[PDB]
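> 3D, please:
(6 chains, ligands or ions: 1)
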Amino acid sequence: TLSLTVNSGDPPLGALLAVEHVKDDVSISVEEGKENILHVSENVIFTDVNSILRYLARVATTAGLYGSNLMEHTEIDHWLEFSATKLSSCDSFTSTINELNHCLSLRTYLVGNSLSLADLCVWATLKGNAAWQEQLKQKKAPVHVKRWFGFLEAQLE
Amino acid sequence: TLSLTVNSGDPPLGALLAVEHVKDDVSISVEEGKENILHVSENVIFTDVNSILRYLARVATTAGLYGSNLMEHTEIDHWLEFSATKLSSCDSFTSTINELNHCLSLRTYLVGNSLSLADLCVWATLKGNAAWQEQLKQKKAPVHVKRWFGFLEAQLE
Amino acid sequence: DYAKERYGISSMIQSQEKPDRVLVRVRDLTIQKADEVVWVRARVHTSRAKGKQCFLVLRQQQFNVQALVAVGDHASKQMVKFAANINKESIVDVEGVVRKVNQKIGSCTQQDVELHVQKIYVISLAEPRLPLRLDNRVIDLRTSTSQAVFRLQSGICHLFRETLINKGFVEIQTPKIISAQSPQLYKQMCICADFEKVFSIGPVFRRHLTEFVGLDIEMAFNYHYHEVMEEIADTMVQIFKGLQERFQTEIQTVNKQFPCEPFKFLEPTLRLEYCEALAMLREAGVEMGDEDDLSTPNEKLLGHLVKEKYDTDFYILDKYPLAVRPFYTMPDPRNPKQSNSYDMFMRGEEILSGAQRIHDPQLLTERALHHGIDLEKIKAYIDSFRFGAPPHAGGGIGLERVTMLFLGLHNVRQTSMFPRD
Amino acid sequence: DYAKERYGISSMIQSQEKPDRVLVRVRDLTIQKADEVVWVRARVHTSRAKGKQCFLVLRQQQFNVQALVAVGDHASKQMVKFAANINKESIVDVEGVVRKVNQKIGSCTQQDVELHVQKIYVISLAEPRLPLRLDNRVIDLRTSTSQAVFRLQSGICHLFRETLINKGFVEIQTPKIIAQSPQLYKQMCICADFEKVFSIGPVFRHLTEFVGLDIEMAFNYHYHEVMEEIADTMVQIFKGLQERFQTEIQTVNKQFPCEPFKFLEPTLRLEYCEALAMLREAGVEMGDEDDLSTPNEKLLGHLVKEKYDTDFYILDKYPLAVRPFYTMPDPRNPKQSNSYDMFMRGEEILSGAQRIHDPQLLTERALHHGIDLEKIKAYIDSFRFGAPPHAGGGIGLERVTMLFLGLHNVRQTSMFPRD
Amino acid sequence: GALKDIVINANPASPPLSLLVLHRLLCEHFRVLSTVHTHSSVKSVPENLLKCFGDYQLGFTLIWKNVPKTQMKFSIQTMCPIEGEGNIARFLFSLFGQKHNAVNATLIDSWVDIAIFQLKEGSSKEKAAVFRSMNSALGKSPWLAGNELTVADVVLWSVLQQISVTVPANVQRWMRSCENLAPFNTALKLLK
Amino acid sequence: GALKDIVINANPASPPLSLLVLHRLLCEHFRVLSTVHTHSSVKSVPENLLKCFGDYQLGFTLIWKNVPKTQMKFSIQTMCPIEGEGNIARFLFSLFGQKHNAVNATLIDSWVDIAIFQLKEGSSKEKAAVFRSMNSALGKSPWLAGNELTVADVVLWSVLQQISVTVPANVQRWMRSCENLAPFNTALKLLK
Ligand SMILES: [Zn+2]
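Numbering: from 1, shown residues only, chains lettered A, B, ... in the order given. Shown next is the protein structure:
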């Protein structure tokens, strides 16, 4: 019933990871095109990457990717904006990554000891970032972020 | 060859007292007119009372009524101005008389333990003052001034 | 009784309520604020009552107004009864109306108006009698004189700092107990520690042990010790200028009880050298030696002689004899019997005793041996100057003594807030 | 030698001459004053010399400039020899020419220029050695850190007064030996119609002595009138140091790194119950009426910094049991008091409260604390006649200076510490 | 939260009108102890902003501060600090609990993103495009959600009031519809 | 005097130019330690007057003070304080010792009295009368004394310079004759 067209030139990494986690809940198909469009109805489409992520997590009820309350719900909204801006750019990345490190000091997942859109949207953008992969090779990547990234890379194959 | 015309309507008391103390030194005559004029020469006259006093004391060398130095000479000039202004008026006389009292605290004569123009010009104006004679009757006249006034009234009469 | 709500002994103020109430100061009750409903918190100075009327003198920090509780459209008979029954010095919240008076109230500071009372609450009930010994001093400091003296003394301390701080000084904190001595040592160490200009307001000590508050200055100069002396002088001038401008109310309040002519001084403070002073005293008939120190009576006389000539209660006596000054006093390079020392006098009594300090370790040690001091027990002090010691002078004033001689009071205890008998 | 006039150990300054000379401050030697013949009196911080040239670091009150004695059109060989032979910390009068530098002098405060020397006189010859006693402390207080700390501490005292005096306060002088604590005298002044009083003087609490800035203020109806005043006064001090004394803050920062002091304009106030909820949420087993342990005070400050981001907050409505007898109990909850503490970087600086102005209740609370009324009869008697409602609080000048600059030990902000 | 207090650090150079509207709305639902403060970072905050708000259930501590992005610190011992005036706006409005289906909820969140990023910090190009999508939407439905007033309306209106382009008919009716409401006028008057 | 110092208390509302001229004359004869001071009584004395001058034989201490009559206190232990800028002027000039006969000396003193009282504090009536007596006198002699310059000239000139009548020919020549002298110009420039 659900269909997603993705920019083949630049795939939305986080969206696909989300799609793979909602296959169990609601029937969704993957086409390859020139831009990111989630076709829900004849009247209902979404261009923005975050809009797509948000819908999938909401409609995928059993998945529980949008937390377990308004507080966790809001934490996720923060990380979607965080990933979309501060990680999407490599400007003052040394600061950005240290904030994400501090946030992961006593957290296993980013929100509520379970896999959330936060985990996906951040990890996806973080993998796609250049300066991140350089920090890993040069072994100047913070402790808590590395352990978290390593743990998700294991679960996400 | 000295002649003095005096205002009969209001006699210059101090001038006459001075004239009486220079009779021994230089020959001087007394006429009675409508104003105070000391006729010295055909070219030399004096209208101001102090001018008359000053001349007589200077020309009367043996009298020594203008002190024994520039310091005593200046002290006298002060008392001529003092008598002519602060005693000639009865405005704030309570202050004026207390200044003259202080000045006579350790002085027998006003200048240099001898009769000076100061003694005459002040005593004359002081006798002629109304508020002075009232202070004497009411016995509110300062100690040192009374004793000085009493001592001069004895020598001058 | 219909005014039972309008009066009474109100509950102890344990911070229960934050009322929308404006307690106007008594000084602000002028003609400008006439025919206005105002609240006032004051003490009951005196409360005379006759039949239908009760008059109170509501007092607040050396200011008082005439308050009136009249039976009629405002108050009841039991309220007027209660108003006169309020014990002396009890603090009261008063809701009254300022009404213009037909003739001046010469007794009160607020002569222009009286306060027509509508409410009176005793917030603090004073016990009836009044003593005449700690509680003694508490009442004594309410007297318009004391209030004016110590509010002005606070002024001196402020004018002292504001002056020096503005001319680029740094306030230090001398310890004043060591295991109790004089603070000069610490000021000089600060000078030797690159603190160019320092002052310290703190307690100092002098057949008795005496404690008083001293305002001390220590200043490093360029080439001449007059650079410091002329500064200390200007600072004392700026204090006098300050009190005569701002604290005119407080001066007159002390004048009213203790008559004294206004304090007189010259803008470039008068300086007499020691030789000049001896000539004035000898001309005035005083058998005194060339190197003798001014006896306390001669200091009193010399001040009068200065007042007679220049008409200033404040002058500086400079170039004192070296013999009479402490060891650390820098000798005069030309006349080695004279020093670079100075005293400053208010109404012919010494307030300050300053000088240029010896910043050379060797000469400081020589003068210490001349005064017969065990170098062992001042080794530390001398050692302070061995490394880069700049040329410096200073001087200190007794806060109480300055306050006393400015207002022309007799005993120092008058300007000491907590004297210890 | 032809420059024998231009240098030497000049005669001890016994106030012999009044020279027409302008000794310009080192801080004023900027690019604006380039290519000018200026006189400078400074100390020789360090003097490195190599062959033809001798470089000096002329220092004055935590400011230093690079001075140069070059043989040629200016100086002789014996002058350059003498310049390097000047012992460390010796004070020198220098007639030089300010010349613009091709590259910044990162070491000095005056980076824009150097001083080309023409004359150098040692007015005060420092002995060669430098100790590392009393003379120890003299040198220690020349360190740019000490200079900056104590010039800023002077600032606190000034900002404290200027603030209160402008609010209509009156400075009193408590008698420091009879030797005990000053609160008694402030309260007697309040009882003596002195509405608003403060006292800067030495306080005590082995005997320890420190300098305390104390406030005692008579309020209208609520003790918050005083608390919110004391708070604003501490705010005005912080605003003052961050405006004027920015040079002195950075000079201490350079040696002791510390983030700028952070505060809110309406100073943050937490009531005691609110603080317990934050500590219990943070996992601290504590009683409702217990006093905050020194470690909990440290923690609570960090928790406040985490949430509001302020190093300065007020803890209000303390438990009555833990406070002194003269502390006014809360009229609603008689287990609580009208008391408060104020914290800088999570360490207590102030411990104030509303005072008991009722003689009877003051006596009751004195018996509750088991005090012999006989030996405090005088104090109680002070309030019997027209005692107004009043509160107050005191701060440790050294402790405030320490926690503002974020230094570790109090000795750093104590000018003359007694071992 | 054991803190029980919504702390919001906001930059006074760009006052978050979206949050001031939602604050008035929050007080109309709950007992809110609202307080305004000025952080050390910012100096001389405009007069109007200092008193912009003229036991209890929620605390609302608005701190004027030199931060790049408007931040909310609520129950730090359970919740990561929230950044973005859009993300904070969603949270505040969601406290009333006007539950929406997945399609609307996502479309509401989409409307917030548009207002915050594309409309606010955009050229006359993008502004014109935003008006069309609003005009078309408001042509069919009374609000942007269409069912009832939503955070989408609050934030977008707030952004439009704090910035040139021709305004269509439906947006003008929606603007007065918003301005007519008590929380919108009260907040906007105290900003001027 | 054992004090060795001429103290002069003068009111800055009416600066005694007569004494400032004589001061410059005194310094041209003796070594004078001249000093200017401001008494507590007067506040904010004009700038020019404060630095109007810009061991030793005589002291000259000029104190700007709120006194009704210009006063001199010299050797108080032998001499009563002198009041009147005329009386002080006579004393200062007399220190050079240009001794005159009884007729001139009295006529010089008479000229001082005229200047101080009648000319200074007089109507256009008396001023005109003073000019005639001067014009007639200066018509016969080079100065008012005629032997040489006298205190009479100093004081009168000083009074004329410190006050709307037609000025005669002889007075104009006498005015420039005075103004041409070093002490008269130096003193007058530091007043203007
Ligand atoms: Zn101050």
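> in what helix or strand does the residue lying farthest from the centre of chain E lie?
Relative to the C-alpha centroid of chain E, counting by C-alpha atoms, centre = their mean, residue E:55 is the outermost residue, at 26.6 Å. For residue E:55, there is no helix or strand it lies in under DSSP states H and E.
> nearest to chain F: which residue in chain C?
residue C:283 (3.4 Å; C-beta to the nearest C-beta). Every C-beta, even on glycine, is put in place using the N, C-alpha and C of the backbone.
> for that residue, the count of nearby residues, please.
By other C-beta atoms under 10 Å in any protein chain shown, 16 other residues sit near residue C:283.
> residues in contact with it?
Neighbouring residues of residue C:283 by C-beta atoms under 8 Å, 6 or more residues apart in numbering or on different chains: F:1-3, F:77.
> scan the residues you listed and report the most crowded one.
residue F:3 (22 neighbours).
> can you tell me the helix or strand for it?
Residue F:3 belongs to no helix or strand, assigned by DSSP H and E.
> can you tell me the closest non-neighbouring residue to whichever residue of chain A sits closest to chain C?
For chain A, the residue positioned closest to chain C under C-beta to the nearest C-beta is residue A:71, at a distance of 35.8 Å. Of all residues not flanking residue A:71 in the chain, residue E:79 sits nearest, at 5.1 Å (C-beta to C-beta, 6 or more residues apart in numbering or on different chains).
> that neighbour and residue A:74 touch, don't they?
Yes: taking C-beta atoms under 8 Å as the definition, residue E:79 is a contact partner of residue A:74 at 7.4 Å.
> helix or strand: which one has residue A:96?
helix A:93-103.
> quick revisit: and the residue nearest to residue A:71, what does it touch?
By C-beta under 8 Å, 6+ apart, the contact set of residue E:79 is A:71, A:74-75, E:1.
> mind checking the SS state of it?
Three-state call for residue E:79 (DSSP: H, G, I helix; E, B strand; the rest coil): coil.
> and for the host helix or strand of the residue of chain A closest to chain C, what's in contact with it?
Here residue A:71, judged by DSSP H and E, is contained in helix A:70-82. Applying C-beta under 8 Å, 6+ apart, the contact partners of helix A:70-82 are A:50, A:53-54, A:57, A:66-67, A:100, A:110-112, A:116-118, A:121-122, E:74-75, E:78-84, E:86-87, E:90-91, E:94-95, E:109.
> and the residues you listed, which are buried?
By neighbour count, with 16 or more other C-beta atoms under 10 Å in any protein chain shown, the contacts of helix A:70-82 hold A:50, A:53-54, A:57, A:66-67, A:100, A:110-112, A:116-118, A:121-122, E:74, E:79-84, E:86-87, E:90-91, E:94, E:109 as buried.
> restricted to strands, list the residues you listed.
Judged by DSSP state E, those include E:82-83 as members of strands.
> circling back: in JSON lines: the contacts of residue C:283, plus distance to the ion.
Shown next, in JSON lines, are these (distance: C-beta to the ion, whole Å):
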{"residue": "F:1", "distance to the ion": "45"}
{"residue": "F:2", "distance to the ion": "44"}
{"residue": "F:3", "distance to the ion": "40"}
{"residue": "F:77", "distance to the ion": "45"}
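> closest to chain B out of these?
Closest to chain B, out of all of those and judged by C-beta to the nearest C-beta, is residue F:1, at 8.9 Å.
> pretty sure the closest one contacts residue F:75?
Yes: taking C-beta under 8 Å as the definition, residue F:1 is a contact partner of residue F:75 at 3.2 Å.
> pull the contacting residues for residue C:301.
Per C-beta under 8 Å, 6+ apart, neighbours of residue C:301: C:281, C:284, C:286, C:348.
> so it is in which element?
Residue C:301 belongs to helix C:296-309 when assigned by DSSP H and E.
> do the helix or strand that that helix is followed by and chain F meet?
Using DSSP H and E, the helix or strand that follows helix C:296-309 in sequence is strand C:314-318. No: counting by C-beta under 8 Å from any C-beta of the partner chain, no contacts exist between strand C:314-318 and chain F, the nearest distance being 9.2 Å.
> got the angle between the helix or strand following strand C:314-318 and strand C:314-318?
On the C-terminal side of strand C:314-318, the closest following helix or strand by DSSP H and E is strand C:341-346. Going by axes from the mean of the first three to the mean of the last three C-alpha atoms, to 10 degrees, strand C:341-346 is angled at 160 degrees with respect to strand C:314-318.
> ok, residues contacting the next helix or strand after strand C:341-346?
Using DSSP H and E, the helix or strand that directly follows strand C:341-346 along the chain is strand C:349-356. Outside of strand C:349-356, the residues within contact range by C-beta under 8 Å, 6+ apart are C:217, C:225, C:228-229, C:232, C:236, C:299-300, C:303, C:320, C:325-326, C:328-330, C:339-345, C:391-398, C:401-402, C:405, D:14-15.
> are any of those buried, and if so which?
Using 16+ other C-beta under 10 Å as the burial test, the contacts of strand C:349-356 include C:217, C:225, C:228-229, C:232, C:236, C:299, C:303, C:320, C:325, C:328-330, C:339-345, C:391-398, C:401-402, C:405, D:14-15 as buried.
> helices of chain A, start to end?
Listed in chain order, the helices found in chain A under DSSP state H are A:13-22, A:49-59, A:70-82, A:93-103, A:117-128, A:130-137, A:143-155.
> what packs against the shortest one?
In terms of contacts (3 or more C-beta pairs under 8 Å, 6 or more residues apart in numbering or on different chains; DSSP states H and E), helix A:130-137 is packed against helix A:93-103.
> pull out the buried positions in the helix it packs on.
Judged by neighbour count (16+ other C-beta under 10 Å), helix A:93-103 contains these buried residues: A:93, A:96-97, A:100-101, A:103.
> beta partners for the residue lying closest to residue C:272 once chain neighbours are set aside?
Nearest non-adjacent residue to residue C:272, counting by C-beta to C-beta, 6+ apart: residue C:317, 5.7 Å away. In this entry, residue C:317 is beta-bridged to residue C:272, residue C:343, by DSSP bridges.
> give the contact list for residue C:317.
C:272-274, C:277, C:294, C:302, C:342-345.
> how close does it sit to residue C:348?
With distances taken as C-beta to C-beta, to the nearest Å, residue C:317 is found 11 Å from residue C:348.
> now do the shared contacts for these two.
With C-beta under 8 Å, 6+ apart, residue C:317 and residue C:348 have common neighbours residue C:302.
> ok, how many other residues are close to the residue in chain A positioned nearest to chain F?
In chain A, the residue that lies nearest chain F is residue A:92 (59.7 Å; C-beta to the nearest C-beta). Using other C-beta under 10 Å, the number of residues around residue A:92 comes to 9.
> residue contacts, residue E:182?
E:24, E:28.
> my error: substitute residue C:187 in the last question.
So residue C:187 contacts C:172, C:174, C:198, C:200, C:216, C:218, C:394 (C-beta under 8 Å, 6+ apart).
> domains of chain C?
Domain segmentation of chain C under curated CATH domains yields C:1-130, C:131-421.
> do you know which of those domains lies nearest residue A:137?
domain C:131-421 (52.7 Å; C-beta to C-beta).
> what about that closest one and the ion, any contact?
Yes: using C-beta under 5 Å from the ion, domain C:131-421 comes into contact with the ion via residue C:161.
> ends of that domain, what's the gap?
17 Å (C-alpha to C-alpha, to the nearest Å).
> next, name the residue at the spatial heart of the chain.
As the question left the chain open, I've gone with chain A. Residue closest to the average C-alpha location in chain A (C-alpha atoms, centre = their mean): residue A:121, at 1.4 Å.
> the chain in question should be chain C.
The centroid of chain C falls nearest to residue C:153 when counting by C-alpha atoms, centre = their mean (2.1 Å).
> for the helix ranked longest in chain E, what is the distance to the chain centroid?
In chain E, taking DSSP H as the definition, the longest helix is helix E:124-140. In terms of C-alpha atoms, centre = their mean, to the nearest Å, the centre of helix E:124-140 is found 19 Å from the chain centre.
> do stretch A:33-50 as well
Centroid separation for stretch A:33-50 versus its chain: 17 Å, with C-alpha atoms, centre = their mean.
> cool, and stretch E:19-32?
The answer for stretch E:19-32 is 11 Å, by C-alpha atoms, centre = their mean.
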